[PDB]
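In structure tokens, one chain follows: the form solved without its partner chain.
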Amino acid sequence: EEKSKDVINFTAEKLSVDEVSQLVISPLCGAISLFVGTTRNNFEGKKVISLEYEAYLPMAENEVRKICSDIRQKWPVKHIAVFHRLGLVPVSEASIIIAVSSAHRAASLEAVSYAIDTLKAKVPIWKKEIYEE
């Protein structure tokens, strides 16, 4: 018997795809799907050196919990993890990592896609592009 987990974290720290995958590991699961959001080095023509992220944390957390609850109603997932970085996120570093685990791949795949689309659509987190001055 293993209680299912929702691990949600907003943090200024560098996100590690390894540490996050570990959080959703289970012997009852055969699939883990992940999404990693990275700072791309350009936006509409100009060179980007980093992205800066801000949020109203309480609200943001609450919205991520809604997403988790919704996921668990539509799919038989086991563990979910959602990490978002705040502050400056330099090029090629991760601003968001999501991971979901399940018995079979369909659930985890569909869950992760929904998670990322929904988070981008519904969570109060903003970004400012930092260029070269």
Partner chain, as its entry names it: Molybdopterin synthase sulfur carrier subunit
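Numbering follows the first chain given and starts at 1.
Between 59-67 and 40-48 (mean CA B-factor, as deposited), the higher: Looking at the recorded C-alpha B-factors, 40-48 comes out higher on average.
Of 77-85 and 49-57, the stretch whose C-alpha atoms average the higher B-factor in the entry: Of 49-57 and 77-85, the stretch with the higher C-alpha B-factor average is 49-57.
Third of chain Cα B-factors occupied by residue 12: Highest third, going by the recorded CA B-factors of the chain.
Within-chain third of residue 94 by Cα B-factor, per the entry: According to the entry, residue 94 has a C-alpha B-factor in the chain's middle third.
Omitted here: the form deposited with its partner chain bound. The next part is about that form.
All of 55, 95 and 123 with a heavy atom within 4.5 Å of its partner chain in the deposited complex: Yes: 55, 95 and 123 each sit within 4.5 Å of its partner chain in the deposited complex.
is_contact(residue 63, its partner chain) in the deposited complex, heavy atom dist at most 4.5 Å: It does: once its partner chain is placed as it appears in the deposited complex, residue 63 has a heavy atom within 4.5 Å of it.
Distance check, residue 79 to its partner chain in the deposited complex, heavy atom within 4.5 Å: Contact with its partner chain, no.
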